[PDB]
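Read the structure below first, then the notes.
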Amino acid sequence: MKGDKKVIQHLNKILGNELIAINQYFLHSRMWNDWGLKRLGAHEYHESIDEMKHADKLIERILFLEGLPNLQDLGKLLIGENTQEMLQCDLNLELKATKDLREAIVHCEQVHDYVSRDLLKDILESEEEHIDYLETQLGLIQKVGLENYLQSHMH
Amino acid sequence: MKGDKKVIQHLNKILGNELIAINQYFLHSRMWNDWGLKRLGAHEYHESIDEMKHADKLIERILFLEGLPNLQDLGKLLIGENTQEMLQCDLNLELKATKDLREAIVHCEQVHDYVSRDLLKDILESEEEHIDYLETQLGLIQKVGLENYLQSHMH
Amino acid sequence: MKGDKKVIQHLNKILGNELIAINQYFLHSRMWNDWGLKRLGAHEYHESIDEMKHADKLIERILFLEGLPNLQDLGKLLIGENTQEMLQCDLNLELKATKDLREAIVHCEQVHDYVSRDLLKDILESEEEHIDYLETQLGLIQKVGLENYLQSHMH
Amino acid sequence: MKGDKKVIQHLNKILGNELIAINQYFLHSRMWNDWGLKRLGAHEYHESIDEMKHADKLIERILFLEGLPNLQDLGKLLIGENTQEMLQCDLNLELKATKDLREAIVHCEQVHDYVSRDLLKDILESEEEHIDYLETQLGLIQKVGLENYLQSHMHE
Amino acid sequence: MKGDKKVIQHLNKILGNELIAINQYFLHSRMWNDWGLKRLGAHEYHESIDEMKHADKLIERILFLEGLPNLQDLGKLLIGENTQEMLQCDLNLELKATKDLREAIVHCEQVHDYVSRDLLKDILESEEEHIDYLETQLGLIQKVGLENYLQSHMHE
Amino acid sequence: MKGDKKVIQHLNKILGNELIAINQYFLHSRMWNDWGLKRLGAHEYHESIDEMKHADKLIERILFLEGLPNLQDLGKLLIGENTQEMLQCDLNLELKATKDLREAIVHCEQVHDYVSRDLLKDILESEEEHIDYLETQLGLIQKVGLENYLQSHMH
Amino acid sequence: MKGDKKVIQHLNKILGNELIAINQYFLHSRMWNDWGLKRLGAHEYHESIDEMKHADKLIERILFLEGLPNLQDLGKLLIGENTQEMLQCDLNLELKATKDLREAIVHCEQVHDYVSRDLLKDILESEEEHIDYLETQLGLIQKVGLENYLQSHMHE
Ligand SMILES: O=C1NC(=O)c2c(NCc3cccc(O)c3)cccc21
Ligand SMILES: [K+]
Ligand SMILES: [K+]
C-alpha cells in the first residue's frame, strides 16, 4: 500500500535509532556479564531484545508501505566505561529517541497515517518505560551507594 | 438500629483518621515504587489496603446504627520527602489514631455498645501492629544503616 | 522525566475527580448493601475499585513526570438519598469527569505528551462505559418500574 | 448441476427474506442489549445467527444449481421501537417468510427438485419454531404484564 | 449519551462499508468453496466474520451515542467472477473503506470524540491488515503463477 | 408388509444402479492407487462404500416389503482410461442414477409409500453431493491444469 | 585473561561479518514475509537468530580476552531484489565469512589459542551448513522451476 514518503523517512529514522540501541544495549549487557554483574546483564539483554521487537515492527510497516527499510546506516554507539556511565549513555540515547518519535507522530497525524502513529505511540510508551527504569537506577546509585547498587546486581 | 449519637461521632472520627491513612500510605507506596524501592512500595500498599478494610467496617457499622458516614472531610496528609520522613509521618499518624481509638472505646463501654467496642479493639490491634512495624523499620535504619536499609528494599 | 507543568496540572485535576468518585461509589455501595440491595452494592463496589485503578495510574504517571500527586484536596461528593438519586449523582459526576478528560487530552496532544494522552483515553473509555451502565439503569427504572428494578437488585 | 430457473428464483426470494431477518434480528438484539435487556438481546442474537445458517445453506444450494445468489437486494427491515413492537415486527416478517417457503416447496415438488424441497422444509421447521417463540413471548407480555416481562429479561 | 450528529453520520457510513464487505466476502467465500478452493473459501469466510465483528462494535457505539444504526441501505457489492478479480474487488472495496475511516477519524478528533476515534483506529488497523493480505495474494499470483496459486488453495 | 409391486420394481432399479456404482468406483479407486494417485484412490474408495450403504438400505426395504432384491443383474460399468475420463464416467453414471431416483420418488408419492420416498430422498441427497464433488474436480482440472490436479492427489 | 592482539582483531573481523549477516538475513526474511513466502521468511529469520548467537559468543570471548568488541562498524549488506538474487547474496556473504573464519583459525593455532579456535570451528560448521542449505535452494530452483520453488515456500 503506497505510503507517504516523509512518513517512511521518519520510520527509517526511528529504525536507525533502534538499531543503535540494539547494539549499545547488547554490548553493555555482555560487559556487565563479564564483570559478574549478571542481574544488570540480564536486564540490559532484555532491553536489547525489546528494541529488536520494535525494529521488526518498523521494518514490517516500512515494507507494507512500499518503502525500503534501511539497516545499513548505523549511527554512533554511546558505550560507557563503568556502570554509571553506561546507564547514562543509555539514557542519553533514549532521550534522543523519544524526541524523534514525537516528531514522527506529528507528521503521521498531519497526513492521516493513523496506523503508523499508533505503532510509534506504542514504541514511545516502551521507551518512556525504559527512561523510567534508567532514571530510577541512577537515583538508586545515589541513595544506596555504588558498591551496594553493584552488589544488588551480582546475582 | 438507632445508635448512640456520640458513639457515631467517635466512629466517624476514627473513619476520618483511616481515610487520611489510606491516602497517605497509598502515596508513600507509589513514591517508593517510583524510586525503585519496590519492597517498601509493596508493603506500604498493603498497609493502605488494610486501612481500607477498617474504613469499610466503620462505614458499615455507622450505617447499621442509622448514622451518616463522613467520607467528605479529609484531614491533613503527612507526606514525607524521603524514606526516613515517610516512615516517621506514618508513625505520627498512627499514634494519633490509637489515641482516638482509646477514647472511642471508653465511650462505647460507658453506653454499653459492646459490639462497637469490639470492632474498635480489633482496629486498635491492627494499628498497634502497624506501630510495631514502623518502629522496627526506623530501628533497622539505625542498626543496618540507611544505605543497607534502602538496598534491602529494592527487590 | 520532567513533564509539562500544565499536563501535570490536568492529571492532578483528573486524579481529584477520581478521588471523589472512589468515595462516592464506595459510600453508595455500602448504602445499597445496608438496604439489602446487594447486587447494586456489589456492582457499585466494583465501580469504586475501577476508579482506584485509574487513580493509581495517574499517581504513577505524575510521579514519573516529576510532579507532586495531590491526594489532599477532596471535592464535593454527590450522595443520593435513594436509588434513582444515587444513580443520577454518579452520572452527574461522570459527565463532569469526561468533560475534564477531553480538555486534558487536548492539552496533551498540543504539547506532544502522547503517552499521557493514551492513559487519559483509556480512562475516558472506562468512564464512558460507566455512563452507559448508569443511563441504562435509569432507563430500566422507567421500563420495569422502580419496585421491580429494586427487586432485581436484592440478590 | 444446472437447476430449474424458477427454483433458483424461489431460493433467491427465500434468501432475500433471510437477509432481512439477519439484520432486523441483529439490530433488535443490540437495541435490547443497549437497554439492559440482556436476555432478550442474547436470544435475538441467536435468532440472527440461525438465519445466517439458513442463508448459508441457500447460497450453497443456489451455487450448486449454477445460479447467482442475490445478496445485493435488501428488502424492508421491520424495526420496532419498543419490546412488544419489535417482537411483533419479527412475527410479521416470519409470517411472510413462511408463506414464501410454502410457495417455493410447491414449485420444487412440481419440478421434482426433492433435495431443494427438503432444504426448504428444514428452514420452514426452524421458522415455525421461531413463530412459536414469538407468539409465546407476546402471550407472556399479556399474562405477566409488560413490566414483569421486561424484568425477567434483564439478566442472563 | 448524545453523540455529535456528524460523528454518528460518519459511523453509519463506515457501518455501511462493513455491511457491503460482509456480504461480498461471504459470497466470495462460498464461490471459492463451490469451486473446490477450500483454503481461499475458509480464509474469506473469516474475513467476513471479522467485518461482522467491526459492524457489531459500530452498531453498539451508535446506539450508545443515541443514534440510529443504518442496516437498511446496502451499497454496491463488488463481486468478481474469477479468483484474481475477486481479490481485486476486495482490495478496491478496502481502499474505499480506509479513505472513509480516515475522514471519520479527522472529524472525531475535531469534536473531541476520542473513544469513537480509538474504535475507528482499531478498525483501520484491521482493514490495513486485510489490504496487506490482498496485495500479497495478488503478488503471489504473479510470482508463482495462477495455476500454482489456485492449486495451493485447494486443500485446507 | 406387502409393498406396491411397482415401488418394489423401482427400488430394484435403484439397487441395480447402486451395484454398478459400487464396482465402478471400487475399480476406479484401485486404478488410481496403482498409479500412485492415493488421494483420489482413497476418496473413490469411500464413494464405493457410501454406495454399499445405500444398497444395504434398499435391500432391507425391499425385503420388508416382501419383494426379492435383485443382486444378479449387473448393468454396464463405465470405466475410464485416465483420470478425467474416470471422473466423467462417474458423473455420467450419477446423472442417470438421479433421474431414476426422481421417477421412483414420483411413484412412491402417488401410492402413498412415504417411507420409501424418504429413503430415496436421502439417497438422492447423497448422490447430488457426489455430483457436486465430481463437477468440482473436473472444474479444478481446468483451473489448476491436469498436471497440478494429479500432483495434488498423489499423497 | 589478556588475549593475543591479532586473535582479538580476527574475532572482531568475524564479529563484523556476523553483524552484516544478522541484518541482511533479517531484512531478507521480512521481505519474503511481505511477499507471502512465509516458509522462506521463517527459515531466514532462524538464520538471522543463529548469526546472533554466534555474535554473542564472539563478543563474550573478546571481552574475556580483554579486548573491545566492535559493534560500530557495519559493512555492506548484500540485499537482493528477488528470491534467486537474495539467496545468491546470502551465499556470497557466507563464502566470504568462511574464508575469514579459516584465516582466523590458522592464527589461533599459531599462538596456541585453542579455545578461540574451537569456538571458530563451531561457527564454521554452522556457516557450512548454511552454505549447504543455500546451494540446495538454488539447485532446487533449477530442478523444479522458480514458480514451483516459490509455491513450495508460501506456507510454513
Ligand atoms: O460524606 C458523606 N456521608 C454522607 O452520608 C453524605 C451525604 N449524605 C446525603 C444523605 C442525607 C441523608 C440521608 C442519606 O441517605 C444521604 C452528603 C454529602 C456527603 C456525605
Ligand atoms: K415482579
Ligand atoms: K505445482
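Letters for chains follow the order of the C-alpha cells (A, B, ...), residue numbers begin at 1 for each chain, and ligand numbers begin at 1 in the order shown.
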Environment of ligand 3 within 10 Å, counting only C-alpha atoms and all ligand atoms, reported as an MDAnalysis selection string: (chainID E and resid 144:145 147:152) or (chainID F and resid 144:145 147:152) or (chainID G and resid 144:145 147:152)
Those residues with N, CA, C and O atoms, as a compact mmCIF listing (two decimals), in the first residue's frame please?
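New file out.txt:
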```txt
# COMPACT_ATOMS: atom_id res chain seq x y z
N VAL E 144 4.10 -17.04 -8.45
CA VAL E 144 4.03 -18.49 -8.56
C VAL E 144 3.18 -18.95 -9.73
O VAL E 144 3.21 -20.15 -10.05
N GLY E 145 2.49 -18.05 -10.41
CA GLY E 145 1.59 -18.40 -11.50
C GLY E 145 0.20 -18.72 -10.99
O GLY E 145 0.00 -19.19 -9.87
N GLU E 147 -2.08 -20.98 -11.91
CA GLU E 147 -2.40 -22.38 -11.69
C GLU E 147 -1.85 -22.89 -10.36
O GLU E 147 -2.55 -23.59 -9.61
N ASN E 148 -0.57 -22.61 -10.08
CA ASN E 148 0.01 -22.99 -8.80
C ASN E 148 -0.69 -22.28 -7.65
O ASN E 148 -0.95 -22.89 -6.61
N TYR E 149 -0.97 -20.99 -7.80
CA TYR E 149 -1.65 -20.28 -6.73
C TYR E 149 -2.98 -20.96 -6.38
O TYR E 149 -3.29 -21.18 -5.20
N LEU E 150 -3.78 -21.28 -7.39
CA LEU E 150 -5.04 -21.98 -7.12
C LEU E 150 -4.80 -23.37 -6.53
O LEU E 150 -5.49 -23.78 -5.60
N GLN E 151 -3.83 -24.09 -7.07
CA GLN E 151 -3.51 -25.41 -6.54
C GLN E 151 -3.24 -25.35 -5.03
O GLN E 151 -3.75 -26.18 -4.26
N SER E 152 -2.45 -24.37 -4.61
CA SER E 152 -2.11 -24.22 -3.20
C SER E 152 -3.30 -23.86 -2.35
O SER E 152 -3.18 -23.86 -1.12
N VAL F 144 -6.57 -25.47 -12.42
CA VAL F 144 -5.17 -25.63 -11.99
C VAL F 144 -4.32 -26.37 -13.01
O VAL F 144 -3.08 -26.40 -12.86
N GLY F 145 -4.93 -26.93 -14.05
CA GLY F 145 -4.23 -27.73 -15.04
C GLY F 145 -4.17 -29.19 -14.63
O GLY F 145 -4.15 -29.50 -13.44
N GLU F 147 -1.72 -31.51 -14.85
CA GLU F 147 -0.53 -31.93 -14.13
C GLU F 147 -0.61 -31.55 -12.65
O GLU F 147 -0.31 -32.37 -11.78
N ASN F 148 -0.99 -30.30 -12.35
CA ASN F 148 -1.15 -29.88 -10.96
C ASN F 148 -2.28 -30.65 -10.27
O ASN F 148 -2.16 -31.03 -9.10
N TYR F 149 -3.42 -30.82 -10.95
CA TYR F 149 -4.51 -31.58 -10.35
C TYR F 149 -4.04 -32.96 -9.90
O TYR F 149 -4.32 -33.40 -8.78
N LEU F 150 -3.33 -33.68 -10.78
CA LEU F 150 -2.85 -35.01 -10.44
C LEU F 150 -1.81 -34.94 -9.32
O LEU F 150 -1.84 -35.74 -8.38
N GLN F 151 -0.92 -33.96 -9.40
CA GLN F 151 0.08 -33.78 -8.36
C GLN F 151 -0.57 -33.66 -6.98
O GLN F 151 -0.11 -34.30 -6.02
N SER F 152 -1.63 -32.87 -6.87
CA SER F 152 -2.34 -32.64 -5.61
C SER F 152 -3.03 -33.89 -5.10
O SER F 152 -3.49 -33.89 -3.94
N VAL G 144 13.10 -27.81 -10.03
CA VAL G 144 11.63 -27.78 -10.02
C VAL G 144 11.05 -26.56 -10.72
O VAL G 144 9.83 -26.52 -10.94
N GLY G 145 11.87 -25.59 -11.10
CA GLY G 145 11.38 -24.34 -11.67
C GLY G 145 11.11 -23.30 -10.61
O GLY G 145 10.73 -23.61 -9.47
N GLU G 147 8.69 -21.03 -10.35
CA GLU G 147 7.30 -20.91 -9.89
C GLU G 147 6.97 -21.99 -8.86
O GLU G 147 6.35 -21.69 -7.82
N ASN G 148 7.37 -23.25 -9.13
CA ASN G 148 7.15 -24.33 -8.17
C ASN G 148 7.96 -24.11 -6.90
O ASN G 148 7.45 -24.35 -5.79
N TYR G 149 9.22 -23.69 -7.04
CA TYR G 149 10.03 -23.41 -5.85
C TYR G 149 9.34 -22.39 -4.95
O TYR G 149 9.20 -22.61 -3.74
N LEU G 150 8.87 -21.28 -5.52
CA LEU G 150 8.20 -20.26 -4.73
C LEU G 150 6.89 -20.79 -4.14
O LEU G 150 6.61 -20.57 -2.94
N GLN G 151 6.09 -21.50 -4.93
CA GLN G 151 4.87 -22.14 -4.43
C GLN G 151 5.15 -22.95 -3.16
O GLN G 151 4.39 -22.86 -2.18
N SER G 152 6.21 -23.75 -3.18
CA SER G 152 6.54 -24.63 -2.07
C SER G 152 6.99 -23.86 -0.84
O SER G 152 7.14 -24.48 0.22
```
Please report, as a Markdown table, each residue of chain B lying at most 7 Å from ligand 1, together with the nearest pair of atoms and the separation in Å rounded to one decimal; use only C-alpha atoms and all ligand atoms, and order rows by chain and ascending residue number.
```
| residue | atom | partner | partner_atom_place_in_ligand_line | distance |
| --- | --- | --- | --- | --- |
| B:68 | CA | ligand 1 | 5 (O) | 4.2 |
| B:69 | CA | ligand 1 | 3 (N) | 4.6 |
| B:70 | CA | ligand 1 | 1 (O) | 3.8 |
| B:71 | CA | ligand 1 | 1 (O) | 3.8 |
| B:72 | CA | ligand 1 | 1 (O) | 4.1 |
```
Give me, as number ranges by chain, the residues of region 16-132 of chain A that a backbone DSSP run labels helix (DSSP H, G or I). A: 16-34, 38-64, 83-110, 114-132
With C-alpha atoms kept, could you save the residues just selected as a PDB file, in the first residue's frame?
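The new file out-v4.pdb reads:
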```
ATOM      1  CA  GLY A  16      18.024   3.786  12.795  1.00  0.00           C
ATOM      2  CA  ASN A  17      17.726   4.827  16.436  1.00  0.00           C
ATOM      3  CA  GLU A  18      16.506   1.347  17.391  1.00  0.00           C
ATOM      4  CA  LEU A  19      19.442  -0.271  15.585  1.00  0.00           C
ATOM      5  CA  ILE A  20      21.905   1.821  17.605  1.00  0.00           C
ATOM      6  CA  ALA A  21      20.098   0.878  20.796  1.00  0.00           C
ATOM      7  CA  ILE A  22      20.094  -2.854  19.983  1.00  0.00           C
ATOM      8  CA  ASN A  23      23.887  -2.906  19.694  1.00  0.00           C
ATOM      9  CA  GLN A  24      24.584  -0.474  22.534  1.00  0.00           C
ATOM     10  CA  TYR A  25      22.397  -2.409  24.950  1.00  0.00           C
ATOM     11  CA  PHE A  26      23.733  -5.764  23.784  1.00  0.00           C
ATOM     12  CA  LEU A  27      27.327  -4.658  24.362  1.00  0.00           C
ATOM     13  CA  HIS A  28      26.523  -3.095  27.742  1.00  0.00           C
ATOM     14  CA  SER A  29      24.769  -6.344  28.661  1.00  0.00           C
ATOM     15  CA  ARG A  30      27.791  -8.510  27.872  1.00  0.00           C
ATOM     16  CA  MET A  31      30.144  -6.070  29.624  1.00  0.00           C
ATOM     17  CA  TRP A  32      28.082  -6.339  32.812  1.00  0.00           C
ATOM     18  CA  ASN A  33      28.023 -10.139  32.477  1.00  0.00           C
ATOM     19  CA  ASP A  34      31.820 -10.248  32.020  1.00  0.00           C
ATOM     20  CA  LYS A  38      24.633 -10.725  35.970  1.00  0.00           C
ATOM     21  CA  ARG A  39      21.398  -9.048  37.035  1.00  0.00           C
ATOM     22  CA  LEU A  40      22.332  -5.899  35.141  1.00  0.00           C
ATOM     23  CA  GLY A  41      23.481  -8.037  32.226  1.00  0.00           C
ATOM     24  CA  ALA A  42      20.177  -9.895  32.055  1.00  0.00           C
ATOM     25  CA  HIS A  43      18.061  -6.772  32.299  1.00  0.00           C
ATOM     26  CA  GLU A  44      20.083  -4.982  29.612  1.00  0.00           C
ATOM     27  CA  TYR A  45      19.831  -8.056  27.383  1.00  0.00           C
ATOM     28  CA  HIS A  46      16.064  -7.871  27.671  1.00  0.00           C
ATOM     29  CA  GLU A  47      16.195  -4.164  26.778  1.00  0.00           C
ATOM     30  CA  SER A  48      18.151  -5.098  23.653  1.00  0.00           C
ATOM     31  CA  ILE A  49      15.573  -7.760  22.713  1.00  0.00           C
ATOM     32  CA  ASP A  50      12.727  -5.258  23.243  1.00  0.00           C
ATOM     33  CA  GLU A  51      14.406  -2.856  20.823  1.00  0.00           C
ATOM     34  CA  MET A  52      14.717  -5.697  18.310  1.00  0.00           C
ATOM     35  CA  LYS A  53      10.958  -6.226  18.559  1.00  0.00           C
ATOM     36  CA  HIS A  54      10.344  -2.535  17.851  1.00  0.00           C
ATOM     37  CA  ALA A  55      12.757  -2.640  14.898  1.00  0.00           C
ATOM     38  CA  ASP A  56      10.957  -5.700  13.495  1.00  0.00           C
ATOM     39  CA  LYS A  57       7.610  -3.875  13.569  1.00  0.00           C
ATOM     40  CA  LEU A  58       9.124  -0.787  11.899  1.00  0.00           C
ATOM     41  CA  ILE A  59      10.714  -2.916   9.157  1.00  0.00           C
ATOM     42  CA  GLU A  60       7.407  -4.700   8.534  1.00  0.00           C
ATOM     43  CA  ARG A  61       5.498  -1.406   8.400  1.00  0.00           C
ATOM     44  CA  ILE A  62       8.007   0.173   6.001  1.00  0.00           C
ATOM     45  CA  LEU A  63       7.755  -2.827   3.665  1.00  0.00           C
ATOM     46  CA  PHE A  64       3.964  -2.749   3.778  1.00  0.00           C
ATOM     47  CA  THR A  83      28.124   1.204  35.312  1.00  0.00           C
ATOM     48  CA  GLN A  84      27.064   4.793  35.970  1.00  0.00           C
ATOM     49  CA  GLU A  85      28.365   5.948  32.586  1.00  0.00           C
ATOM     50  CA  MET A  86      26.708   3.017  30.762  1.00  0.00           C
ATOM     51  CA  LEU A  87      23.319   3.802  32.291  1.00  0.00           C
ATOM     52  CA  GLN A  88      23.750   7.497  31.452  1.00  0.00           C
ATOM     53  CA  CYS A  89      24.706   6.619  27.876  1.00  0.00           C
ATOM     54  CA  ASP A  90      21.535   4.538  27.584  1.00  0.00           C
ATOM     55  CA  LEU A  91      19.512   7.465  28.977  1.00  0.00           C
ATOM     56  CA  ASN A  92      21.092   9.987  26.615  1.00  0.00           C
ATOM     57  CA  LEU A  93      20.235   7.699  23.700  1.00  0.00           C
ATOM     58  CA  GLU A  94      16.647   7.215  24.876  1.00  0.00           C
ATOM     59  CA  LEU A  95      16.046  10.963  25.205  1.00  0.00           C
ATOM     60  CA  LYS A  96      17.085  11.487  21.583  1.00  0.00           C
ATOM     61  CA  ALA A  97      14.900   8.534  20.568  1.00  0.00           C
ATOM     62  CA  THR A  98      11.780   9.995  22.188  1.00  0.00           C
ATOM     63  CA  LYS A  99      12.306  13.410  20.586  1.00  0.00           C
ATOM     64  CA  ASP A 100      12.416  11.732  17.165  1.00  0.00           C
ATOM     65  CA  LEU A 101       9.335   9.641  17.952  1.00  0.00           C
ATOM     66  CA  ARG A 102       7.309  12.734  18.825  1.00  0.00           C
ATOM     67  CA  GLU A 103       8.260  14.473  15.574  1.00  0.00           C
ATOM     68  CA  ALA A 104       7.324  11.342  13.607  1.00  0.00           C
ATOM     69  CA  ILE A 105       3.931  11.144  15.342  1.00  0.00           C
ATOM     70  CA  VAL A 106       3.231  14.800  14.472  1.00  0.00           C
ATOM     71  CA  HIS A 107       3.825  14.047  10.794  1.00  0.00           C
ATOM     72  CA  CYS A 108       1.793  10.831  10.804  1.00  0.00           C
ATOM     73  CA  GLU A 109      -1.139  12.768  12.271  1.00  0.00           C
ATOM     74  CA  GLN A 110      -0.872  15.508   9.630  1.00  0.00           C
ATOM     75  CA  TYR A 114      -3.139   6.779  11.970  1.00  0.00           C
ATOM     76  CA  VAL A 115      -1.843   3.190  11.991  1.00  0.00           C
ATOM     77  CA  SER A 116       1.779   4.358  11.763  1.00  0.00           C
ATOM     78  CA  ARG A 117       1.021   6.847  14.537  1.00  0.00           C
ATOM     79  CA  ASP A 118      -0.316   4.049  16.756  1.00  0.00           C
ATOM     80  CA  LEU A 119       2.786   1.916  16.155  1.00  0.00           C
ATOM     81  CA  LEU A 120       5.024   4.850  17.078  1.00  0.00           C
ATOM     82  CA  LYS A 121       2.936   5.632  20.170  1.00  0.00           C
ATOM     83  CA  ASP A 122       3.384   2.041  21.371  1.00  0.00           C
ATOM     84  CA  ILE A 123       7.136   2.327  20.799  1.00  0.00           C
ATOM     85  CA  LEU A 124       7.152   5.666  22.659  1.00  0.00           C
ATOM     86  CA  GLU A 125       5.401   4.090  25.639  1.00  0.00           C
ATOM     87  CA  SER A 126       8.099   1.407  25.754  1.00  0.00           C
ATOM     88  CA  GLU A 127      10.859   4.000  25.503  1.00  0.00           C
ATOM     89  CA  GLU A 128       9.377   6.114  28.307  1.00  0.00           C
ATOM     90  CA  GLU A 129       9.238   2.962  30.452  1.00  0.00           C
ATOM     91  CA  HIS A 130      12.930   2.464  29.716  1.00  0.00           C
ATOM     92  CA  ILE A 131      13.630   6.092  30.683  1.00  0.00           C
ATOM     93  CA  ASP A 132      11.801   5.451  33.964  1.00  0.00           C
TER      94      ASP A 132
END
```
Set the distance at 8 Å and use only C-alpha atoms: which residues neighbour residue 16 (chain D) once local chain neighbours fewer than 5 positions away are removed? I'd like the list as a PDB file with N, CA and C atoms, in the first residue's frame.
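Saved the output as around32.pdb:
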```pdb
ATOM      1  N   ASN D  70     -28.312 -13.838  -4.777  1.00  0.00           N
ATOM      2  CA  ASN D  70     -28.537 -12.397  -4.704  1.00  0.00           C
ATOM      3  C   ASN D  70     -28.373 -11.917  -3.265  1.00  0.00           C
ATOM      4  N   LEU D  71     -27.223 -11.311  -2.970  1.00  0.00           N
ATOM      5  CA  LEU D  71     -27.004 -10.680  -1.675  1.00  0.00           C
ATOM      6  C   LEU D  71     -27.051  -9.161  -1.759  1.00  0.00           C
ATOM      7  N   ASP D  73     -29.839  -7.166  -3.115  1.00  0.00           N
ATOM      8  CA  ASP D  73     -31.149  -6.559  -2.954  1.00  0.00           C
ATOM      9  C   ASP D  73     -31.637  -6.865  -1.546  1.00  0.00           C
ATOM     10  N   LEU D  74     -31.690  -5.840  -0.713  1.00  0.00           N
ATOM     11  CA  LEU D  74     -32.138  -5.976   0.668  1.00  0.00           C
ATOM     12  C   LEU D  74     -33.497  -5.305   0.803  1.00  0.00           C
ATOM     13  N   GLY D  75     -34.506  -6.089   1.170  1.00  0.00           N
ATOM     14  CA  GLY D  75     -35.839  -5.559   1.351  1.00  0.00           C
ATOM     15  C   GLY D  75     -35.991  -4.800   2.655  1.00  0.00           C
TER      16      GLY D  75
END
```
Residues of chain G within 9 Å of chain A, counting only C-alpha atoms - could you list those as a PDB file with N, CA and C atoms, in the first residue's frame?
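In the end it all went to iface.pdb:
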```pdb
ATOM      1  N   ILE G  20      26.852  -8.085   9.734  1.00  0.00           N
ATOM      2  CA  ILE G  20      26.300  -7.905   8.388  1.00  0.00           C
ATOM      3  C   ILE G  20      25.208  -8.938   8.138  1.00  0.00           C
ATOM      4  N   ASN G  23      21.717  -8.541   9.883  1.00  0.00           N
ATOM      5  CA  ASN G  23      20.827  -7.566   9.267  1.00  0.00           C
ATOM      6  C   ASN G  23      20.392  -7.998   7.872  1.00  0.00           C
ATOM      7  N   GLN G  24      21.313  -8.533   7.072  1.00  0.00           N
ATOM      8  CA  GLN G  24      20.952  -8.989   5.730  1.00  0.00           C
ATOM      9  C   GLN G  24      19.895 -10.080   5.801  1.00  0.00           C
ATOM     10  N   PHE G  26      17.860 -10.753   8.343  1.00  0.00           N
ATOM     11  CA  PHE G  26      16.607 -10.240   8.895  1.00  0.00           C
ATOM     12  C   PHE G  26      15.787  -9.504   7.840  1.00  0.00           C
ATOM     13  N   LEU G  27      16.431  -8.633   7.071  1.00  0.00           N
ATOM     14  CA  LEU G  27      15.704  -7.909   6.037  1.00  0.00           C
ATOM     15  C   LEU G  27      15.165  -8.868   4.992  1.00  0.00           C
ATOM     16  N   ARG G  30      12.014 -10.551   6.252  1.00  0.00           N
ATOM     17  CA  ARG G  30      10.828  -9.715   6.289  1.00  0.00           C
ATOM     18  C   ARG G  30      10.347  -9.385   4.879  1.00  0.00           C
ATOM     19  N   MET G  31      11.265  -9.285   3.912  1.00  0.00           N
ATOM     20  CA  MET G  31      10.859  -9.162   2.515  1.00  0.00           C
ATOM     21  C   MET G  31      10.085 -10.387   2.061  1.00  0.00           C
ATOM     22  N   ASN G  33       8.471 -12.469   3.927  1.00  0.00           N
ATOM     23  CA  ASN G  33       7.178 -12.470   4.615  1.00  0.00           C
ATOM     24  C   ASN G  33       6.202 -11.503   3.956  1.00  0.00           C
ATOM     25  N   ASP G  34       6.681 -10.314   3.590  1.00  0.00           N
ATOM     26  CA  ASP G  34       5.837  -9.312   2.949  1.00  0.00           C
ATOM     27  C   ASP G  34       5.296  -9.826   1.624  1.00  0.00           C
ATOM     28  N   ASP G  56      27.035 -13.279  19.761  1.00  0.00           N
ATOM     29  CA  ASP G  56      27.071 -13.237  21.219  1.00  0.00           C
ATOM     30  C   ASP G  56      28.306 -13.969  21.756  1.00  0.00           C
ATOM     31  N   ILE G  59      31.435 -11.891  21.091  1.00  0.00           N
ATOM     32  CA  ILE G  59      31.529 -10.746  21.989  1.00  0.00           C
ATOM     33  C   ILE G  59      31.995 -11.200  23.361  1.00  0.00           C
ATOM     34  N   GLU G  60      31.394 -12.280  23.859  1.00  0.00           N
ATOM     35  CA  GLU G  60      31.771 -12.807  25.158  1.00  0.00           C
ATOM     36  C   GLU G  60      33.238 -13.208  25.180  1.00  0.00           C
ATOM     37  N   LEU G  63      35.553 -10.057  25.160  1.00  0.00           N
ATOM     38  CA  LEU G  63      35.607  -9.408  26.469  1.00  0.00           C
ATOM     39  C   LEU G  63      36.442 -10.212  27.452  1.00  0.00           C
ATOM     40  N   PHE G  64      36.288 -11.539  27.452  1.00  0.00           N
ATOM     41  CA  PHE G  64      37.111 -12.376  28.326  1.00  0.00           C
ATOM     42  C   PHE G  64      38.600 -12.155  28.062  1.00  0.00           C
ATOM     43  N   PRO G  69      34.914  -5.361  21.897  1.00  0.00           N
ATOM     44  CA  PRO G  69      34.091  -5.799  20.766  1.00  0.00           C
ATOM     45  C   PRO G  69      33.618  -4.604  19.956  1.00  0.00           C
ATOM     46  N   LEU G  71      30.990  -3.305  17.690  1.00  0.00           N
ATOM     47  CA  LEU G  71      29.656  -3.370  17.106  1.00  0.00           C
ATOM     48  C   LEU G  71      29.295  -2.117  16.323  1.00  0.00           C
ATOM     49  N   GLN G  72      30.257  -1.225  16.099  1.00  0.00           N
ATOM     50  CA  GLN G  72      30.022   0.069  15.467  1.00  0.00           C
ATOM     51  C   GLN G  72      30.163   0.022  13.951  1.00  0.00           C
ATOM     52  N   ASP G  73      31.154  -0.691  13.457  1.00  0.00           N
ATOM     53  CA  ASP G  73      31.479  -0.685  12.041  1.00  0.00           C
ATOM     54  C   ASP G  73      30.662  -1.782  11.371  1.00  0.00           C
ATOM     55  N   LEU G  74      29.746  -1.383  10.505  1.00  0.00           N
ATOM     56  CA  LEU G  74      28.872  -2.318   9.811  1.00  0.00           C
ATOM     57  C   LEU G  74      29.217  -2.258   8.336  1.00  0.00           C
ATOM     58  N   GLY G  75      29.682  -3.375   7.794  1.00  0.00           N
ATOM     59  CA  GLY G  75      29.987  -3.464   6.387  1.00  0.00           C
ATOM     60  C   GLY G  75      28.753  -3.515   5.495  1.00  0.00           C
ATOM     61  N   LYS G  76      29.013  -3.818   4.221  1.00  0.00           N
ATOM     62  CA  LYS G  76      27.997  -3.688   3.170  1.00  0.00           C
ATOM     63  C   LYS G  76      27.001  -4.844   3.217  1.00  0.00           C
ATOM     64  N   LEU G  77      25.724  -4.514   3.393  1.00  0.00           N
ATOM     65  CA  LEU G  77      24.668  -5.503   3.243  1.00  0.00           C
ATOM     66  C   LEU G  77      24.464  -5.796   1.771  1.00  0.00           C
TER      67      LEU G  77
END
```
Selection near residue 101 (chain D), 9 Å with only C-alpha atoms, sequence-local residues under 2 positions removed, as number ranges by chain: D: 10-11, 13-14, 96-99, 103-106, 120-121, 123-124
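Taking CA of residue 6 (chain G) and CA of residue 117 (chain G) as endpoints, the distance between them is 13.1 Å.
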